[PDB]
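Peer 1:
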Amino acid sequence: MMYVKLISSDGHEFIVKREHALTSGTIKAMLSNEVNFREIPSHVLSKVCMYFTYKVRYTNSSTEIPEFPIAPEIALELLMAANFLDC
Amino acid sequence: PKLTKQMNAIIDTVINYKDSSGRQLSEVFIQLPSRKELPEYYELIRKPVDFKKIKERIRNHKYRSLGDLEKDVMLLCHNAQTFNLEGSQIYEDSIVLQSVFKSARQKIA
Amino acid sequence: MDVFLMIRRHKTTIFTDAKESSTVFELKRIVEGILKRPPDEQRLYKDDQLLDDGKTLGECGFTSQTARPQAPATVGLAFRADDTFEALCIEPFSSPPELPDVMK
Amino acid sequence: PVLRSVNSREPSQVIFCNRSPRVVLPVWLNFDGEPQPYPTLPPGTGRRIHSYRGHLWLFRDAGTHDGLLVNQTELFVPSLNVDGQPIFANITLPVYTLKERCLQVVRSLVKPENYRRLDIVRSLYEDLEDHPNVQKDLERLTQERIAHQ
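Protein chains in written order, with the authors' numbering: chain C, 16 to 47, 58 to 112; chain A, 1381 to 1489; chain B, 1 to 104; chain D, 61 to 209.
1) Under 8 Å by Cβ, that's how I've got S67 of chain C and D25 of chain C pegged, so tell me the actual separation to the nearest angstrom.
2) Roughly how many angstroms lie between the CA atoms of residue 56 of chain C and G33 of chain B, to the nearest whole one?
3) Return the bridge partner residues of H110 of chain D from the DSSP annotation.
4) Determine the direct distance from the alpha carbon of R37 of chain B to that of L158 of chain D, and round the result to whole angstroms.
5) Relative to the alpha-carbon of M6 of chain B, which residue among B:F25, B:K46, B:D52 has its alpha-carbon at the smallest distance?
6) I'd like to check one pair, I1434 of chain A with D1448 of chain A: are the Cβ atoms closer than 7 Å?
7) With DSSP collapsed to three states, give me the class of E1436 of chain A.
8) To the nearest angstrom, report how far apart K43 of chain C and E59 of chain C are at their CA atoms.
9) Measuring only the C-alpha atoms, how far is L1456 of chain A from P1428 of chain A?
10) Does the structure place the segment 83-91 of chain B close enough to the segment 156-172 of chain D that three or more beta carbon pairs sit under 8 Å?
11) I'd like to know whether the C-beta atoms of residue 105 of chain B and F62 of chain B end up nearer to each other than 7 Å.
12) Would you say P81 of chain D faces chain C, with C-beta separation under 7 Å as the test?
13) Name the chain B residues whose beta carbon is nearer than 7 Å to that of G26 of chain C?
14) Using the rule of at least 16 other Cβ atoms within 10 Å of the residue's Cβ for burial, across every protein chain shown, is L1424 of chain A buried or exposed?
15) Out of curiosity, what's the CA-to-CA distance linking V1408 of chain A and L1465 of chain A?
16) Given that a residue counts as buried once 16 or more other Cβ atoms are within 10 Å of its Cβ, and exposed if not, what is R120 of chain D?
17) What does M75 of chain C pair with, by DSSP beta-bridge criteria?
18) Can you list, in chain order, the residues of its chain whose CB lies under 8 Å from that of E41 of chain B, leaving out five sequence neighbours each side?
19) If you reduce the DSSP assignment to three classes, tell me which class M6 of chain B lands in.
20) Cα separation between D53 of chain B and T23 of chain B?
21) Have a look at A:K1398, A:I1488, A:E1472, A:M1387 and flag the residue whose alpha-carbon is nearest the alpha-carbon of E94 of chain D.
22) Based on the DSSP output, what are the partners of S1468 of chain A in its beta bridges?
23) Does any CB atom of chain B fall closer than 7 Å to the CB of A106 of chain C?
24) Could you check what DSSP says for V60 of chain C in three-state terms: helix, strand or coil?
25) On the three-state DSSP scale, how would you describe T38 of chain C?
26) Closer than 9 Å, Cβ to Cβ, to anything on chain C: give me those residues from the segment 55-76 of chain B, in chain order.
27) Against chain D, does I90 of chain C count as a neighbour if the rule is that its beta carbon must be under 7 Å from one of theirs?
28) Report yes or no: do the segment 112-130 of chain D and the segment 66-85 of chain D share at least 3 C-beta pairs separated by less than 8 Å?
29) Of the residues that make up the segment 12-30 of chain B, which ones have a beta carbon closer than 9 Å to any beta carbon in chain C?
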């Protein structure tokens, strides 16, 4: 189980499973290890990782799916992040 | 004064409009459902209006601006767009009278 | 069932996923993969409570109820440097900025 | 269209199990094409329905009118009753592409007019007045069928 280093505009290291982290359409292009951002802070990046975790685990599975929670202020910050990282 | 003759002739067109396959569209919106009959509706439609409630304000003398009525007519269309769904003819009918109304206003100016 | 966690240490954050069933050392073998650091040079924490290496995740609070993928549990990690250990440190995540005046 | 109800007049008792956190709205597509706004079930509520076989139901959050799954699928046709046991319709929300889940928070928190007063990337302001529609997502399903059939 491989893992990649995602780094933000505050040096915040994010080790997330390479398969979970490949769910991004934009990150996928730069793979087929050390990815860096600047428009993206840390509080958004952890939430994007939390979406990555979630997606794989509840995608395709016929079991009932929980509610994804977005903090009001992080919502726009994440709206352009989901735009960029292409969900 | 003259406004009340304009406003009548304006709304009368829409009211008297029979569609492309021969049948009045407006017929539905003329009278809003009864209170106890469709309560479900009213909660969402926090501002209800029927074509008879416009005809009222004209007859009585309320919209002392010709634009004042357009602002009210657009509300009947909004309420109808609000409750009703895109697909159902009730929704696809508000749009007609909404384009058609401004064409009966294009008639005056 | 499962558990999803954020192994937070300073600016570092490691998002793995064990089993409700598993214990403390079992996670350290995962870390001994990501960082490749040995478990004895690893001091696992939760609240500031230094776990075990053979204590079940369900027992220590980690259930399917509180370790959700979109709400992962923070598991802080201290490190050994010359027999003596280090203080547990995690630099917090950047504060979500001001809420827009149309959003308020 | 290719999607509408069937005036079979053959009854079949349904039960709207709502395993979703939203105010789930049923939409029965009448015999020609008119989507119908049937009463709403809050999270949990399992109201019984006296629908028919060949009829069509779809589900949306009552405020946004978003996409809900009814038995891990978009649409729902009730099967004819068996053993005197009513046919279930367990509802849940999918796994949305983050943009949609965001646009839900965003469209819900910003009022219809103020959608452009905000501080965002230009390309997004337009994805906002893209409120999930029924006719859109259905004639889009009708499109995906003749893209396999």
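Note that CB positions come from ideal geometry on N, CA and C, so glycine has one too.
Peer 2: On the basis of the coordinates in this document:
1) Counted from its first residue, the first sequence places residue 67 of chain C at position 42. Counted from its first residue, the first sequence places residue 25 of chain C at position 10. About 5 Å; that satisfies the 8 Å criterion.
2) Residue 56 of chain C cannot be placed in this structure, since chain C goes from 47 to 58 without the numbers between.
3) Along the fourth sequence, one-based indexing puts residue 110 of chain D at 50. Answer is D:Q73, bridged to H110 of chain D.
4) By 1-based counting over the fourth sequence, the position of residue 158 of chain D is 98. By 1-based counting over the third sequence, the position of residue 37 of chain B is 37. The alpha-carbon atoms of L158 of chain D and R37 of chain B are separated by roughly 35 Å.
5) Numbered from its first residue, the third sequence carries residue 6 of chain B at position 6. Residue B:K46 is the option with its Cα nearest to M6 of chain B.
6) Translated into the one-based positions of the second sequence, residue 1448 of chain A becomes position 68. Translated into the one-based positions of the second sequence, residue 1434 of chain A becomes position 54. It is not a contact, given that the beta carbons lie outside the stated cut-off.
7) As a position in the second sequence, residue 1436 of chain A is number 56, starting the count at 1. Per DSSP, reduced to three states, the secondary structure at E1436 of chain A is helical.
8) Along the first sequence, read from residue 1 onward, the residue named residue 43 of chain C stands at position 28. Along the first sequence, read from residue 1 onward, the residue named residue 59 of chain C stands at position 34. A direct Cα-Cα distance of roughly 13 Å separates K43 of chain C from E59 of chain C.
9) What you label residue 1456 of chain A is simply residue 76 of the second sequence in a count that begins at 1. What you label residue 1428 of chain A is simply residue 48 of the second sequence in a count that begins at 1. In a straight line, the C-alpha of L1456 of chain A is about 8 Å away from that of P1428 of chain A.
10) Between the segment 156-172 of chain D and the segment 83-91 of chain B, the count of C-beta pairs closer than 8 Å stays below three; the two stretches do not touch.
11) Outside the displayed range of chain B (1 to 104) lies residue 105 of chain B, so it cannot be described from this structure.
12) Residue numbering aside, residue 81 of chain D sits at position 21 when the fourth sequence is read from its first letter. Residue contact with chain C for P81 of chain D: present (Cβ-Cβ distance below 7 Å to some residue of chain C).
13) Here residue 26 of chain C refers to the residue found at position 11 of the first sequence. Here the neighbours are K11.
14) Within the second sequence, residue 1424 of chain A is the residue found at index 44, counting from 1. In this structure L1424 of chain A is exposed. Its beta-carbon is surrounded by fewer than 16 other beta-carbon atoms within 10 angstroms.
15) Taking the first residue of the second sequence as 1, we reach residue 1408 of chain A at position 28. Taking the first residue of the second sequence as 1, we reach residue 1465 of chain A at position 85. Computed Cα separation, rounded: 15 Å.
16) As a working mapping, residue 120 of chain D is identified with position 60 in the fourth sequence. The residue is buried, with at least 16 neighbouring Cβ atoms inside 10 Å.
17) One-based indexing of the first sequence puts residue 75 of chain C at position 50. Answer is none; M75 of chain C lacks a bridge partner.
18) As a position in the third sequence, residue 41 of chain B is number 41, starting the count at 1. In the same chain as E41 of chain B, and ignoring 5 residues on each side of it, the C-beta atoms closer than 8 Å to its own belong to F79, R80, in chain order.
19) As a position in the third sequence, residue 6 of chain B is number 6, starting the count at 1. Under the three-state reduction of DSSP output, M6 of chain B falls in the strand class.
20) By one-based count along the third sequence, residue 53 of chain B stands at place 53. By one-based count along the third sequence, residue 23 of chain B stands at place 23. The C-alpha of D53 of chain B lies about 6 Å from the C-alpha of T23 of chain B.
21) In the fourth sequence, counting from the first residue as 1, residue 94 of chain D sits at position 34. Of the listed residues, the one whose Cα sits closest to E94 of chain D is A:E1472.
22) For the purposes of this step, residue 1468 of chain A is identified with residue 88 of the second sequence, where counting begins at 1. In DSSP, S1468 of chain A forms a bridge with A:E1466.
23) Numbered from its first residue, the first sequence carries residue 106 of chain C at position 81. At least 7 Å separates the CB of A106 of chain C from every CB of chain B.
24) What you label residue 60 of chain C is simply residue 35 of the first sequence in a count that begins at 1. DSSP places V60 of chain C in strand when its eight states are reduced to three.
25) Counting from 1 along the first sequence, the entry for residue 38 of chain C is found at position 23. Three-state result, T38 of chain C: helix.
26) In summary, the residues of the segment 55-76 of chain B whose CB is separated from some CB of chain C by less than 9 Å are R68, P69, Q70, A71, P72, in the order they occur in the chain.
27) Translated into positions along the first sequence, residue 90 of chain C becomes position 65. Chain D, which has a Cβ nearer than 7 Å to the Cβ of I90 of chain C, makes this yes.
28) Output reads yes: the segment 66-85 of chain D touches the segment 112-130 of chain D.
29) Answer set for the segment 12-30 of chain B: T12, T13, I14, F15, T16, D17, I30.
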